[PDB]
């Protein structure tokens, strides 16, 4: 394991702290753990799984849907994200997306 990634959307209950590695897509790291987050496509071709990495670093790469401005303003498409350090994420941001 390597990274402790905390996941919160205070108003949704989720306020767990999970261990992830720099090779586990945060989405899966969170589902091993038993809290069940958002996802549809599981491939960077959408937005349902979106979060805003409050502080820290991630690698999206794999993403096909978020455009630059959206990634500069904190949007993470969790499902295909690998943690790059420790990071706290807000779990559900699609209503607010664009």
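Positions refer to the first chain, counted from 1.
For the pair 69 to 77 and 41 to 49, the mean B factor over Cα atoms is greater in 41 to 49. When the CA B factors of the chain's modelled residues are split into thirds, the value for residue 8 lands in the middle one. The PDB entry assigns residue 60 a C-alpha temperature factor belonging to the lowest third of its chain's modelled residues. Compared with the other modelled residues of the chain, the Cα B-factor recorded for residue 24 ranks in the highest third.
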